[PDB]
Structures are given as structure tokens and as C-alpha cells.
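# sharing an experimental structure here, sequence included.
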Amino acid sequence: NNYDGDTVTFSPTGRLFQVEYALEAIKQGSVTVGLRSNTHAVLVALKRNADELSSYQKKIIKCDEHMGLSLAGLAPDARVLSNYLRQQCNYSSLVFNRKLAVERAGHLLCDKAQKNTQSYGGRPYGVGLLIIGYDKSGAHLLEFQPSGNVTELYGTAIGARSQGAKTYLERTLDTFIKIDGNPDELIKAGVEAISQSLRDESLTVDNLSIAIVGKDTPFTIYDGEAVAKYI
Amino acid sequence: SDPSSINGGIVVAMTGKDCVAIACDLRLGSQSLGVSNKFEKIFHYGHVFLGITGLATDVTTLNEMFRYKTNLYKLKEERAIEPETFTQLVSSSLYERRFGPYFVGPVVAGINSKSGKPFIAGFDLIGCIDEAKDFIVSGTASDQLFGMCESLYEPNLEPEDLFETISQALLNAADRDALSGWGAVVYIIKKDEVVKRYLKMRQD
Amino acid sequence: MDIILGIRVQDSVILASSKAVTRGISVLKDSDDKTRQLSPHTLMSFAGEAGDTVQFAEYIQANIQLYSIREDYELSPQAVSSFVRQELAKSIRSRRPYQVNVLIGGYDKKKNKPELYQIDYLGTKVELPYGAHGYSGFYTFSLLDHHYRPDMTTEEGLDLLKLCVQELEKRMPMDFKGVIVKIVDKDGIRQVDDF
Amino acid sequence: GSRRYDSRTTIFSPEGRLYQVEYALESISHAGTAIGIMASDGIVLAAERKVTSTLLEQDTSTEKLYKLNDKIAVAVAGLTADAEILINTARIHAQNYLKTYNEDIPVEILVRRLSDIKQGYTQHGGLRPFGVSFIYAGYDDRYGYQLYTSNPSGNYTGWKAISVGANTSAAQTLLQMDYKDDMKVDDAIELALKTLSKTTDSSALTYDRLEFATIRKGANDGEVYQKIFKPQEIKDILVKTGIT
Amino acid sequence: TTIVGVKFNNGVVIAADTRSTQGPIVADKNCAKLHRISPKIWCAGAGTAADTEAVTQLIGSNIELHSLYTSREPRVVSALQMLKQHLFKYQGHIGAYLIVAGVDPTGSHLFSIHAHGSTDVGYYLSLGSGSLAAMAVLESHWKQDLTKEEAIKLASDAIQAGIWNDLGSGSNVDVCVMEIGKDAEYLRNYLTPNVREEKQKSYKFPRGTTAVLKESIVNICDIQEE
Amino acid sequence: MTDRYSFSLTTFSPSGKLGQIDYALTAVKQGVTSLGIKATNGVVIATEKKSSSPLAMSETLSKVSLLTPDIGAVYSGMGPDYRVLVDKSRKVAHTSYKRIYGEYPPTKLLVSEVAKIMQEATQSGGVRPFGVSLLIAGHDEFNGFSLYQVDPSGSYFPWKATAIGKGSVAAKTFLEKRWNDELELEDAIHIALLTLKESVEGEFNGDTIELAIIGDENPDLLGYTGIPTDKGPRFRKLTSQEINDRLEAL
Amino acid sequence: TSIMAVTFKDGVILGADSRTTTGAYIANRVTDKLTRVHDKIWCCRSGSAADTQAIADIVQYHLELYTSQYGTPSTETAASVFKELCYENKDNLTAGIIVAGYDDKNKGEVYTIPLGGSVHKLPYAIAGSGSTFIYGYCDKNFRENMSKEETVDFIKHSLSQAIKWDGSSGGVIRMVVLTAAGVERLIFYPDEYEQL
Amino acid sequence: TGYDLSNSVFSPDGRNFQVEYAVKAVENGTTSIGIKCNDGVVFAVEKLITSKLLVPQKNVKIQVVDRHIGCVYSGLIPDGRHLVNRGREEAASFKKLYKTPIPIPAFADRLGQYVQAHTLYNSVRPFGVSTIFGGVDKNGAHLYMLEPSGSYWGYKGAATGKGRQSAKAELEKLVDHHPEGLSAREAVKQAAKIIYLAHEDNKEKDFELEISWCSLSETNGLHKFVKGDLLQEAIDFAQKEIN
Amino acid sequence: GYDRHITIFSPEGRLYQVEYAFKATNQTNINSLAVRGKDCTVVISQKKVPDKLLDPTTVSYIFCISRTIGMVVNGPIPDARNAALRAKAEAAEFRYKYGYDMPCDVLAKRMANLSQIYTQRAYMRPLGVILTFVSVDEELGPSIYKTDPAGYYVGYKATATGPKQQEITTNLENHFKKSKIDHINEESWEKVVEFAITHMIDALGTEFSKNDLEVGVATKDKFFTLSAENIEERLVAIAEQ
Ligand SMILES: [Cl-]
Ligand SMILES: [Mg+2]
Ligand SMILES: [Mg+2]
Ligand SMILES: [Mg+2]
Ligand SMILES: [Mg+2]
Ligand SMILES: [Mg+2]
Ligand SMILES: [Mg+2]
């Protein structure tokens, strides 16, 4: 109300409204689902088009051979944060001959987002990210909020109507975690999860975007007729 | 190579009874080559006179600099700068270029307008003040000038006698220096009149 | 470059400058004009290190032309020469100094007088009846000292200049490929196309 | 953050005016009147000190008329402290020019420089403008005698006769009425003092409430002399012209 | 140059010769080498003459401001610390070699300072080209518990050793005495043992001896009225 | 962090007033009375030592300050603003003058430098004006004795005599009746004490009054002997006893 | 210069000559090379006098500011501050410093910091131009847990020999004793140590 | 009014409302505690299990500084991380210059001055965390707690977050009943109990317990996380006490 | 009304942020007192440990700035420690630059100038503290110099600071009106501390245990704070006469 003019102002109840307004931009964004087993980690994203002539906005970005994310909210902010992740992954490889741990990647994103919430002039990031990756401790899935809060999860979903997919994953938890050494079945569970967040529209060939990383699987994105198999 | 002896030239200043005198040669050269016989090395800001020997570009630059500074001084102080004060200004200005100095040998001469006291001073290229009672010398024939001044000078000379002493000191010193000569000027300075005299000398 | 001469006569200034451009072993050009018009009644000739000469001359030209437009007024030769001296005096204590020597020949329209200024790369300015840079003076000054008169005509100045050039062509080891001669007077700047 | 307290000194009004410039001009309208009159053989600068005291040391005092160099002087209207900042900058510019070209700075070039500085404060920096209006009286060998004025906007113009400060509307009408092109300095001296005597908010115009100056070629042969009048000399010219 | 400093009962004394040179040529025959940092803190300088004068004026200036700021009389240790930290920063390029002496509320002090920024404490010190000649005298005659009169005698004798035996030193002896609970007394030309003898001849010329080409009056006055 | 107040805090109001300067002058008006009187052979500056508590040692609080050996200053208004201005005034006398010309600045030019500092706090980014008016008394060789007032705006005026602060209007009227151009220094001190008594409520003695003069050279205060041209400071602060002696002949 | 620091039962003792030379001229024959950076942390200085004085002054400042905030610093901490200055500015310094101190917890400790800026904790250390001549003597005669009187004799005899052979060393032998009891200064004159 | 809109502004009370509003964010956070024992300190924190999808034991809240200091906080988690990152820089530069690892009181002031600096300007926001931290140094064990204002004190026991009143009461009992002191292994057990008792204020969602400790005898003065059997033993003890 | 939010003049010529900083000074509800002996300067301050979970040894508003200078603060602890750290840095820098220990009054002036800057520069807020500096200065002897958020400072014969400063001030005023001297005529610092505590008891009308007080003592060449047992010995001597 009087305490939402900038990010540097707490409300009387201890709230940061600009951060909450940035959080709101994610809810307006298109749905994207993340889930993993012990061998693989999968991103599924519902891409959004402007109209019938337009292309479908890309949702998934590769950060390294073993790591990448899906976005929901302001796409340019995801480009900035993903670029930063690419650099940090790359710094780790060049300097230490070491693949960046997914947990450490989350810590770096948290701290970068935090600086934008405590300083005058700037603004919070207006995007949410789902980071998947396979490192020395197996498969991983993270959820990034532009408040700075990063959370390691078995499965999750962010964007509009994401609650439906999130409840499904909460039921299916014991099943999909056990899908080891079977990428196609893990993606199926992700496609079935994101389907719980659909209304009116359905998953078409240029609508759906899937990415996977695993034990002997580099981070690879599937679009177009490559995802027709899963429709 | 040595910046203080590329262009050549000399300045000498002397005190007398209720008067000062400052004099200089007129030569500017490029080592062996004589370039100008009209290069005057004495300047004045109000009633304060400044002679400058050494590298000619710096002679010109410093003259323009002290004109600049004494003009602003006058506007703010609402009075002309005095020899004692100007001497400190020259010293300060040279020392601020301690590790990139002007290659010059300045000589201040004048009479304090309030006390009427004759005043002369000399400096090294870096600002060290030599405030002698008798005489100050500078330039490529400074040794020759020291010799001439030391023997010819006597205290409390009248203006017209001082003219003869300083003139003969300059002329004969310049004639023993390859890089000095080609004409000479002598200023005779009294409290409220200044006479400038060009001397006839050998032109080789 | 090599030889640049200047002579101020009764009603004009004459600048003579060599045409040769030598890059070590070969003479690459024999028609080079070592001069720039700074203003309608002010000409500057130049000689020194390669590149620096033209870079400096054109930089000065641009600055004087800028002043001319801003004030709708031509600076006096004295004012132009003082500006040029300061630039060179600034340059000598720079990281990499301009190695350029210049002569500034101008006609002062206010005073109705020709004026010749000699300035070396150190910023050493002198106003002269006749001047030169480098070794040019060593050969020519004895002739100029002898023959020069302040009331000379332009035609007499050119004759005395020819004698100077002939002496240079006789005793100088380098072939400077003749000179381009330009005259600065009340009507402006013109080139003597036959010399 | 800090934005909350920013007055934004360099913005346009909806009408296309610069708020702070307009309000600075309002400030200047309450300052003591300063008048400049240009004649064929010289320039006159006359200015009124603001409600003085009997204990003020007048002979050492200077609030209106300042010397920029030997050829150029200014009359001030507004904040004296602001004027002195600009005056010192102008004095330096004149010296920089003299050092560079070895010739005294032409009047307009100095005026343009100071006016450009004032302009800068209205377009960038977020600082308040200088609450000062100058009358420039000067001489050079190109245009001869010249009068200029500049105000906080950074706009300057040339004049034959001009006033700044208080009652400029009344003052400018009186000058426009009695001024002629073939006028001389001694006549301009009389006009300036007569104009101040009528426009003044004081009961009577006296020597202790005035600063006065003349730029004359009335210097021995082809050269120019600045004369900042002393208290006794202002008292004499007031009697001569028949005001006291 | 010969400069010395000598501690005594109730204070300290410094002394110096009065010859400044340019190579083998004597520029000034009566140079003042005793400089004031503050009223009761004096120093003598050797080496590059401009650097010695410049560094004492700068520290002297800052010392004065420091004294005003703290409402306390300046201390010698402060002058010492400011001098050495300045000189050290410039790594000997400022060629100032100083003997610093003075009195303050802490007591009487005597230090030497070298151009690279090192400092030393002592009861007797000497610096300059005549320092070895002076130190020979100091090592021969110095004792503990010197009186004021004995210290002035010793100091000036040490300068004399430099004057006579060192070619870089000559002319006169300057002395400054800084006693506790007293004003410092600067004794300019305390000794004058080198007055030039009368010349055999007067070299005053007959008027009109010099040939003149042109005469003119120089206008030193401002632009005139009327 | 960073000073993000890069804009002026003093600005022209629609009426043409500079609010913060006027308000600074209002703060000066509330301040304790101080005055200055110029004589033929000296200048006197005086003020009341308004002790905030009797347990406080008022000798440690110097309202009258030496700026140079021949220049002194007193104020009315905010004490802390004065104290820092004195520090800056002392330093600027060295940096912009003594280190250049080898001598102390004349009174008018030091005043000009102080005025410039005060002007800048009236226009620069993120600062308020100084809440003090200064009275600066001094002597120099070519201008003789002088007395200047300096206001928060940066404006300065030379005075024969004046007063600032609490009872300045009444005090200036008192000074107008008493002042003439033939006053000796002792007469000016006498008039100063008379004028200052009117604005003082409580105790009026050498311990509650601070008074200094710019007069003859004091070789006893120089600290050294041997240089004839150096004759000592002209600024001298009167002692508690010296004031009380003149209060008996009051 | 001849300097050394020796740990013993009750703490540590620093020792030094008093000669400072400019070439072959003895500029100061009564120099104090034992300098205090804290109450019971001292150092011996060798190399450039300007450098080692500048370093010591900076260290004293750092340990004073340390003490204001965190209480009394360890001898190790003092040695670390010395090292940091010497190591990081090795290109522009000529300093060989021995650091010696007394804690109650750690007792007597000695650290030597040679030209490079390395640190070496030792039972005793020797340094300076004169130290070269007494490596043999000191190695043969040093024992751990000596008494105060034995350690004074060891240092006195050692520096006596260093002074005897090194022209750059000489004058008086200064010593500073660091124990729980406090800080004791000792001095020994030529007539005493030359006849040893 | 308007005094609470900008940081570093004194209200007419003499208060900084923006700092007090930051405390509200701390009070909104989960419960975290600290217990000073005989030869060390124990830290514990309540981790709210928002969903079944949270991977157990992965989202670690307690952070180590250097190798001997433990830090835990309640409120805005990112602000706590920012503070710990600074702490690590402070501890690194201290050890770089002075060799010895940073003492706990020294470290406490480094955080304190940094948090206090964020109450001096309107261009920054105060920290939305209260941080409980400490460890073992040369002078023994130390426990501290640091508020948004920059205020900090040494503690016998400390608590912050939504269940701080409940926790404080339990800590006060331990101080009274154990004047001679508490052992490290006892403190771990008690820490588990207190977090479980303080969970009544956050009783809607179930939680995960996380404990760490520095102890001279048990961990050689190094910070370590309580894991496996020792953690389960503390959970069992805690679960036994609530029933 | 933004003239009350930042340090600019109100129409009355007042700085409200400075005035409100003075009010923050009493937020701790602690009273401090300082007096001078012959060879010493004593400062006492109330110690209140309201929480049982607090380590009472860490609860302090007295600081050892240098070896010679001590400082007690009246105001919130974060601002107190800000001032303490700065004063320590300034005192150390002074000694390094000028070669002698920073005097108590000079430090006070320096910290007062820093405070003055916060009253003039808008981006910096004043610190909500009153700083009382104590020492036995080598030139001036026993010294008490106090600084406040206005940037004001002055020397004191004795002084008091806190909510009940006026009661303590008047009590001290009345004593020095009797004795007619600028100090406590006493040889040992122990008895000067006993005087300080006795007169605080009389002024406030409250009795003190060993944990209710905090004492700092300045002597020649060192300032030190008393332990609880040192204070207990002091309280026993007071009660026995
Ligand atoms: Cl300060
Ligand atoms: Mg010759
Ligand atoms: Mg010849
Ligand atoms: Mg030339
Ligand atoms: Mg070195
Ligand atoms: Mg030997
Ligand atoms: Mg502020």
C-alpha cells in the first residue's frame, strides 16, 4: 500500500511487497513441471504462444552438459539468471576441473536474487526457475523463487494452475521416484503431471517442451516431433 | 642534450642605493646555431621584474604562467604583488613540478613599494631560493658572471654607477660564453621610474 | 621531412617547403605539399617525424577552423602562433610528444603587416624576418643575412629564395626534389606553380 | 530511498517553463537595481546597495560592481555569494584565454562561457541554479564598447542600455525614453543616476546607497581605463548632476 | 654543508655553517640553513636544498594546524613521525637530510632524519659533507651534563671544523638554542670568521664607459585616468 | 550505501526565497549575542560564554578562535557548525595561501574563502547550510585593521561595528550611538563590555564573558627571538583577570 | 648488524649490537636495534633501517588496534603481521626481522622472517651480517631450557664473536629480557665483552 | 507520520520503525535455538515440511563459518545467507592477517557492525533475520544472538522465531536446574526436546529436526552436524518427553 | 513535513532528527556518572541484566578505547559499538601518525566533528548515543569530555548522563558548592569510586549489589574496568561507615 514503492521497504507486518509482486508474475506465467528418480531428472514445460501466427515461447534453457532449468515468468530475467549459472558452471570446470554441484548452483542463485531485494534502485527478479541436474550425488531437482528461496525437491510445479500438477506428484511420489533406468516412463509421469494443470487447451506437438538429464544422459531438450511420442 | 644549455643565455641582477638593476643578453640558439637576437629574458608584473634563463620554451611558458597568476592576485588582493611575495610564488610554482621540472634559472628583482627596500632573489630549477644582498646570476655563463660580479661589485652604488657595473659584468661574461651575447638589455629600477637600455656589443 | 624555409618581405610572407618524402631507402614521393591552410590569411608549413607532422598540422587546422566558425572571425597570426606554441609546449611533456617543427606565415588584416613565426617541437616560438628548421638554416642564413631587406618586394623575395634553394641543391647531400613555394598576403594564399 | 526528498530542479512545467529559473528570477526582482548604459565614448555602470546601515564600512565594501579583468566589469543582481563563485570562474577563463592566445578575451566569448555554465545547472546535475543576473560592461578591439546581460537560465543578450534587479519595468521605460545613440559618457552618467533616483524604493538616493563605475577610452591615448568610483567620488557626481 | 645538534642540561642546541654551493661554485656565502618547524622546534638541513626547505615548511604547516586542532604545543616526535613517513613514501627521491631539535611539554629532544625515512636518537649528531670533521670534534670534547654555554661552544667548534676542513662548508656559524621553559633564541651569524679583506683596487667605472644603443622609460604604472 | 543525495536540499520557493538559508538565519537569531567593534589601532570581538551546566568547564569551550596570528573569529548560532568551520578556515589559510605565497592571507581573502565554503553548503548535493553567522576580525599590512560578518548564505559585509544573534537589533542601535572614527582600542573594549551587558541576564564577569582583540604585535607570544621581521601575533585573547579589571572602570 | 633471539626456561631474550654504517662510516655507534611492537612482543631489526622502522611502526599500530578490540595478541599473531608486510611487499623491502615474545600460555617464542618474507619458528634465531661468523658457535653452544644467566652469557659470547669478525657490527651489546616478571633492559660495553 | 516509510529515520520516540518491522519478519520465521554447554555450544532449528515432495535432510539451514563457528537464523532465509557469506569473508581476512582463527566475540562484533551499518542509510534495508551463532575459541565456549538492529549479547541459552516464548521458558528451566553446567551430549538431547516443544506454535504442518554442535571434547572444537544414531537418539528423547 | 525525516532546518531553525536522536539516548534506561580524583578519573554506570538467559559478563556499556582512554556510552548498544570501534580506530591512527597517545579531549573533539557531519549531511543519520570519554591526560590531568548527537562537546569537572541525569547532576553540583574545588580530594582511586557510588545511591535513592553496577577507572598510563568482586569490596567499604 504505502510500503510497496520499492524493494527496500518492509511493511508493518514485516512483508516485502515488491518481492511478493515479483512472485505474482510467476503465477501469471505458463505451467512447468519438474520431477526426478534416482537415475534421471525431467523437466516438462507448457509453452505459451501470443497467437496462432506466433511461435511458442521457449521455456527450457541448458546451463551445462549435466545441468539446466525451466522458467516461468519474465523470460529476460531467466536469460540473465541462466547466463549467470552457465558462467558459474563454466568457472567450476575451467578452474577446478569439477562439475558444479546442483545444490551449490542453488546457493549461488539464492544469493544473486537476494542482493536485488535489499538494495535501493534495483528490483527483484520476476521469474521462477526449476533446475534439474545430475552430479556426483545423483539426480537433483531444485525450485528457485526470486525472493531468494531455493528448495531441493523430488518433484514440483510452478506457473498458472501449477497446484493440480503439484498434488498429482504428491500422490505419485512413491511411484515415480522408483522409475530408475527408464527415461521414457519418467517423462510419461511428467507429461501426466503437467496434464493436471491444463484447462480448455491440450498438449500439441509445438506446445510441449521436455528436457532430461541422467546417469549416462547429457542435458538434452526435446521439441517439435521429438515429443509427439509422448502426446 | 642538457636542457639548460640548448638555447643559452644569461641574466644578472644587482642591488644599489635605493635601486635595483636586472640585465640579460638577447641570444636564442639551437646549440651552435644562432636563431634570434631579440629574445628578451626579462619580464615584469607591475613593478616586480623577473629574469629567466634556461630552456626557451619554459622561459616563455613560465612568463605566461606568472602573468596569469599575478593578474588573478591583483584582482583579488586589489594591489600589485610585491617582490618578496612574488619570490615565494615562483618558488612554490617551481617546486610543484618537483619530479618533472621546468629547466630554468629565474631571477627576481624589484623595490618593495611600501618599505622602499631594494630586493633581489635567485632560484634553482626546482624552487630553492637564493636571497643574496649583493647580486644574483643565472645562465650558461654563470661562472663568468660570478667572477665578474664578485670583483666589480661594491655596495650602495648610485643608479647611474650601478648601470656601468652590471653592464660590464654582463658584457664581459657573455663574451667568454659561446651561447650568450647577440645583444643585451639593462633595466635600472627606482621606486617610481624604470629605465631600459639596450647595449652595443660584439655580434659573434 | 627535410627542408622548410620562410621569408617575410614588405607586404607578404613566402614559405618554401621540399617535395620529397623518403622512407629510408626509397623516395616514395616527389610532389608532397608540407603545408596546411589554417585560415584564409594564415599558412603553416611543417617538418618532423613521419605521421606526427600531418596529424599535428590537421589537428591545428581543425581547431582554427572551429574557432573561425564559432566567432565568425579570423584569428590574428600572432594568436594562431601562440595557440600552436602552447599545443607543442603541452606535447613535449606528454607520454609521446609530437616530433614536429613548424613555420607559421600569416598576413594580419588588422595591422596590414605580414608575419612569420618559427616554432620548434619544444614550443620554442620566435617571430622572424626569415626562418628555417633543421639543417636548412645552416646553408641559407648566411645568404639571407647578406641580401635581406625589410622593404623587399615579393619578386625580390622569390629571387633571394631561389639563391637559397640553389645553395641547398649544391651543398646538401640529400636530394629533396625541389620546393613548393606559397605566398601569403592581403589577398590570401596562393601557390607559385613554376619554381 | 533518497528520491523521496528530491525537488527535481531541472524539469519543465506543463507550460514549458523551468520552475527554478522562474523562481530565481523572482528572487532577483527583489535585489537592488543595477543599470548599464553604453555610450559612444564609454560605458556607465550604476547600482543600488540594498537597505544599508550607517555602521557599514562602505569604502571597503563591494556587493554590486566587480572587476573581471582590466577591460571587462560586471554589475550583480541577486545572491552575492552565488555571483562571486561565477565571477572567480570568469576571471580564470579570461586568464586562460590570455595565456593561450596572448590576447585579451573578447567580451562576448567571456559572456558566452559564463552563460553556458548557468545553462548547465538548468539541464543537468539536479542542483539549484545560480540566483544571479549579470550586466557585463566591457571593451575589445572587434566590437568596441559592449553591454550584455545574463540571467539564471543561461540566456544572454546585447544592449545599448539595460537594467536588472528591482523595478526593471519602470527603469527600462525611463531609459528607453531618454536614451539616444549619439549620447556621451557624461550624459549617460546623468541618465543612470536619474533613473535610479526615480525607481528606488528608498526615500532619497544618497552616496552611501550606491556603487558606480565607468569604462572609458578617456585613458591617455588608445587604451581603456576602468574606474570603480569611491564613496566621495559618488557623492561628488550626485551633486554635479543635481540629485542631492 | 656542516650541521650539528648537541643536547645539554636543560635543553638542546643546533648549529650550521652558511655556505650553499652549486658544484664547486659558491652560490650564497651567507645561507640560512637553520629552519623553523614551530616556535620551539627547529631543524637544520643538508642534501637537496629545495627538498629540505620544502619538507620543513610542509610539516611545519601541518604541525601548526595540528597544534591549533589539539590546543597543545607541538611535539618534536610529531614532527619526526610526519617527516619520516613523508620521506619514506617518496623512497629517498626527496633528498632531505635533517637534524631535528626542540623543546615541548614532554622535554628536550634531538633526532636525525635521512632521506629514505630512517631516524636516529642521540645526545650529539652531525650531518652533511662536513659531518666527519664535525663529529671528530664532538667525539673529542662531548661529555654528559653539558651546560648551555659549553654546548654552544662545542656546537660552534664542530661547525668550525667543517668550515675550515670541508670544502663544501664555509663562511659563518648560525646557532639556535632551545631551552626548557624558555623562548628559543635564534643566533643568526653567531660567529663571523670569514670576512673578505679589502680589495687592492676600486672597480667603479667612469660614467659613460658602456656603449648604449637605445634608452626608454618603462611603464610600470597602471593604465591612467583621463 | 553511497551518498545518494546528489541533489540540492536548498531550493528557490515560488516567492524567490531560499528556505533553508532563511531558516539557518532563524537559528542564528536564537543564538547567543556576539559583537565586533573596530578602532583606529585595533579591533575587538566579544561574546557571552553561555554555560550549559555549572559542572561544565566553560574554559574548554572556546567561542572565540584564532584563525591566523593576525585574524580571529567569533560566532552566533550553532556551536558545532562553528567549530568545523574554524578547522576548515585554519586549513584553507595554509593550503590556498600560505603554502603558495609564504605568508598568511589578508582578512578579506580568508573571509572570502570561509564565505565560499558556506556558499557551497547552500548549493551542493545532500547538505544543509551552516547554521552560523561569523564575525571575523583581523589585520594585514596593506589593508590595516578590518571586521567582517559572514552569513549562512555565504554573503559577507565589512563593518565598523556590529552585532549578531539574540539581541543584535538593540545592540546595533547601542553601537551606532557610541561609535566614531577616532576610537582607541581601549575605548572599543569599554564600549564592547557596555553593549554586551545589555544582552546578558545572569552573571557578568571575566569567567562568563569571552573577549579577544586584534591589536599590536605581541613578541612575548611569538615563542622565539632572533628574527627582527617576525614580531609576533596581533590576535590576543583577554584573560579572565584582564576583563574584570576593565569591569571596575565600567 | 648482529642480532639474535634465544628462548629459555623463564621466557625469551633478544640481543643486538649497536653499530649502523653508511659504507665504512659508522653513522651511529649507539643504535637501539631492539624495538617494541607490544608490551611483551619485541623484534630485532636488520637490513634497511628505513624499511624495518617503517614495518615495525606499522606492526605496532596493528597490534595496538588489535589489543583495543580483541585483547593481548599472541607472539604468533605479531609474527604473522610482520610476515604479511614483508611478503606482500618483498619487491620493495630489504628487511630481516626476528620476532620474540612472551605469553603466559605459550611462554617464550622466537620467529625469524628473512628477506623473502617466509616465517620460521625456532628455539633460537640469529641474523644480520655478523651472524654468518657464529653459526658454528651458536649451534654447538645452544641448549634448550637454559637459565636466565646462562642465556645472557650465551648471547653475550655469541655477539662478542660476531662483533669481533664483522666490521658492520660493533659498539655495545644491548639485550631485552622477556619473562612473566616483566621487561628488563641490559647493556654490555666493549671493555666487558671484548676480553671474553 | 511517515517516519516508518524510510530506514534510518528516527521517529519522535527515538525509534527506527523499519528495524522493528524487520523484527516482525523474524517473528514470522521458524523456531531456532542455541544452547551453551560445558565445553561448547549446540544449535538446533525447526524445518517446516511444507510438502511430501521436500527431500529429507537436504535443505540444510544451519551454516558453518570458518571451521569452528556455527550459525543458525530465523526469518528471511536469504538475508541469513547474505550475513553468513559476509561472516566468512570477515573470518577469512582475520585469519589471513592474524593467523589464529577468529575468536567468537571478535566474530560477533564483525556481524554486529555489518548489520548495524544497514540501519544507517535509507538506501538499504535492515536484515530480516535474528541470528544465533557461536563456537569454541582459545577462551572457551561462546553463544551469541544478533538482532536486525545490530544488537547482540552473549547468552547461556538463546531462541528466536515463532516459538521463541515457549523455547525461552524451557531454556530458563535448564539454567536454573543446572548451575554447575550442561554436558554437550545432554545439550543435544535438550535441544531436540525444546524444538519439539516449540513446534506447538507451528503445529499445523509437521517438521524436520536439524542439530549441530561445537565441543572441545566431542568434536575437537570444530563445528559438526549431528547425524545418524546420535540424531535419532535425540529425536527419541524428544518424542518421549512430549508424550 | 520531510524536514522532520532528514537533517535539514525546520522553519524554527531546528533539526528534529538530532532532537529525536537525543531521545533514543535514554532508550536503555541506564544512568551513568563520572567524577575526577587527584590522580584518577572514575566512571560508574548502572548495569541491568533483565533476561536470565543473558551472559552478564558480555553486557557492558563501558569501553576501553586505548590504554589511556575509557568511554562509557548512554544509548542503544549497536550505535554504542559503532562509536566504540571508530574511536579505537581513530586513537590508533593518531598514535601512528603523530607519534604520541591521543588525548581524551582531542578524541572527543574528533568524534564530535564526525557527529556534526551527520547533522549536516542528509544520507548519514546521527548516532543515538552520548559518549563520555575519560582519562588521566599527561598534560591536562584527570579529564572528562562528553559528546552528543548534536556534535556538541565540552570538558567536565564531573558529569551525569541518563533518564535521571538531573537528580545526579544537582547532587554533584551541591557537593562541589561545599568543597569549592574542581575534583574529589582523595589519594586512592578506590575511595573515589566509593564516592561515585555513594553519591549515585543518594541521588537515585536506590541500593546497589555488585551486579547492579559497572565501574571504569582511569589512572596514569592505563584505563581499566572493575570486576564484580572489585565492586563488592567497594560496596562493603561504603556500608561499613
Ligand atoms: Cl575532524
Ligand atoms: Mg658569444
Ligand atoms: Mg659566433
Ligand atoms: Mg625555433
Ligand atoms: Mg626502500
Ligand atoms: Mg667490529
Ligand atoms: Mg543526516
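Here it is on my side, so go on. Numbers count the residues shown, from 1 in each chain, chains lettered A, B, ... in the order given. Ligands and ions are numbered 1, 2, ... in the order given.
# so who does residue F:33 touch?
Going by CB atoms under 8 Å, 6 or more residues apart in numbering or on different chains, residue F:33 touches F:47-48, F:76, F:163-168, F:171, F:196, F:199-200. For the C-beta atoms, the positions are set from N, CA and C on the backbone; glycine is no exception.
# reformat those as TSV; add neighbour count.
Formatted as TSV, the contacts of residue F:33 follow (neighbours: other CB atoms under 10 Å in any protein chain shown):
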residue	neighbour count
F:47	27
F:48	23
F:76	28
F:163	30
F:164	29
F:165	23
F:166	20
F:167	18
F:168	21
F:171	22
F:196	23
F:199	20
F:200	18
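# ok, which stretches of chain B are strands?
Along chain B, counting by DSSP state E, strands occupy B:10-16, B:19-25, B:28-30, B:33-36, B:42-45, B:48-54, B:104-111, B:118-123, B:129-130, B:135-139, B:184-190, B:193-199.
# which of those sits closest to residue A:204?
strand B:104-111 (87.3 Å; CB to CB).
# how far off centre is that closest one?
Distance of strand B:104-111 from its chain centroid, counting by CA atoms, centre = their mean, to the nearest Å, is 5 Å.
# contact partners for the closest residue to chain C within chain I?
Using CB to the nearest CB, the single residue of chain I nearest to chain C is residue I:97, 33.9 Å away. Shown in contact with residue I:97 (CB under 8 Å, 6+ apart): E:81-82, E:85.
# out of those residues, which are buried?
By neighbour count, with 16 or more other CB atoms under 10 Å in any protein chain shown, the contacts of residue I:97 hold E:81-82, E:85 as buried.
# which of the residues you listed sits closest to chain A?
The nearest one, if we look at the buried ones among the contacts of residue I:97 relative to chain A and count by CB to the nearest CB, is residue E:85, at 38.3 Å.
# the closest one should be in a helix, yeah?
Yes. Residue E:85 forms part of a helix when assessed by DSSP: H, G, I helix; E, B strand; the rest coil.
# how close does it sit to ligand 7?
34 Å (CB to the ion, to the nearest Å).
# ok, that residue - contacts?
Residue E:85 makes contact with E:117, G:54, I:97, according to CB under 8 Å, 6+ apart.
# could you do residue D:201 as well?
By CB under 8 Å, 6+ apart, the contact list for residue D:201 reads D:166-167.
# ok, back up a step: inside helices: which ones of the contacts of residue E:85?
Applying DSSP state H to the contacts of residue E:85, the entries found in helices are G:54, I:97.
# now the contacts of residue E:85 as JSON lines including distance to residue H:18?
Shown next, in JSON lines, are the contacts of residue E:85 (distance: CB to CB, whole Å):
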{"residue": "E:117", "distance to residue H:18": "49"}
{"residue": "G:54", "distance to residue H:18": "46"}
{"residue": "I:97", "distance to residue H:18": "38"}
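# tell me the one of the contacts of residue E:85 nearest ligand 7?
residue I:97 (28.0 Å; CB to the ion).
# quick one: which of the contacts of residue I:97 is nearest chain F?
Among the contacts of residue I:97, and counting by CB to the nearest CB, the member closest to chain F is residue E:82, at 14.3 Å.
# and residue 135, how many residues sit next to it?
Just going to use chain A. As a burial measure, residue A:135 scores 18 neighbours (other CB atoms under 10 Å in any protein chain shown).
# oops, chain H please
For residue H:135, the neighbour count with other CB under 10 Å is 30.
# quickly note the distance from it to chain G.
15 Å (CB to the nearest CB, to the nearest Å).
# for my notes, confirm that residue occurs in a strand.
Yes. Membership of residue H:135 in a strand is supported by three-state DSSP.
# show me what it is bridged to.
With DSSP bridges as the criterion, residue H:135 is bridged to residue H:69, residue H:142.
# OK, contacts around it?
H:40-41, H:68-70, H:104, H:141-142, H:214, H:221, H:223.
# among those residues, which ones are buried?
H:40-41, H:68-70, H:104, H:141-142, H:214, H:221, H:223.
# find the centremost residue of the chain, please.
This is for chain A. residue A:130 (1.8 Å; CA atoms, centre = their mean).
# you'd agree that residue is up against residue A:70?
Yes. Between residue A:130 and residue A:70 there is a contact at 4.7 Å, judged by CB atoms under 8 Å.
# next one: whichever strand or helix holds residue F:163, is it in contact with chain I?
In the assignment (DSSP states H and E), residue F:163 maps to strand F:161-164. No. Using CB under 8 Å from any CB of the partner chain, strand F:161-164 stays clear of chain I, with a minimum separation of 13.9 Å.
# sec struct for the residue nearest to the centre of chain A, please.
strand.
# neighbours around residue G:159, how many?
28.
# helices of the chain, residue ranges please.
Answering for chain A, as no chain was given. Under DSSP H, chain A gives helices at A:17-28, A:75-96, A:102-118, A:162-176, A:183-194.
# the chain in question should be chain H.
Taking DSSP H, the helices of chain H run over residues H:17-28, H:77-98, H:104-117, H:164-177, H:184-198, H:228-242.
# just chain D next, same as before
So, for chain D - with DSSP H - the helices run D:19-28, D:80-101, D:107-123, D:168-178, D:185-199, D:231-241.
# which helices and strands does the shortest one pack with?
Counting by 3 or more CB pairs under 8 Å, 6 or more residues apart in numbering or on different chains; DSSP states H and E, the packing neighbours recorded for helix D:19-28 are strand D:72-78, strand D:132-140.
# do the same with the fourth one
In this structure, helix D:168-178 packs against strand D:34-39, strand D:161-164, helix D:185-199, with contacts taken as 3+ CB pairs under 8 Å, 6+ apart.
# redo those as a markdown table? Include mean neighbour count and distance to residue H:131.
Listed next are those as a markdown table, based on neighbours: other CB atoms under 10 Å in any protein chain shown; distance: least, CB to CB, whole Å:
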| stretch | mean neighbour count | distance to residue H:131 |
| --- | --- | --- |
| strand D:34-39 | 28 | 66 |
| strand D:161-164 | 26 | 64 |
| helix D:185-199 | 21 | 72 |
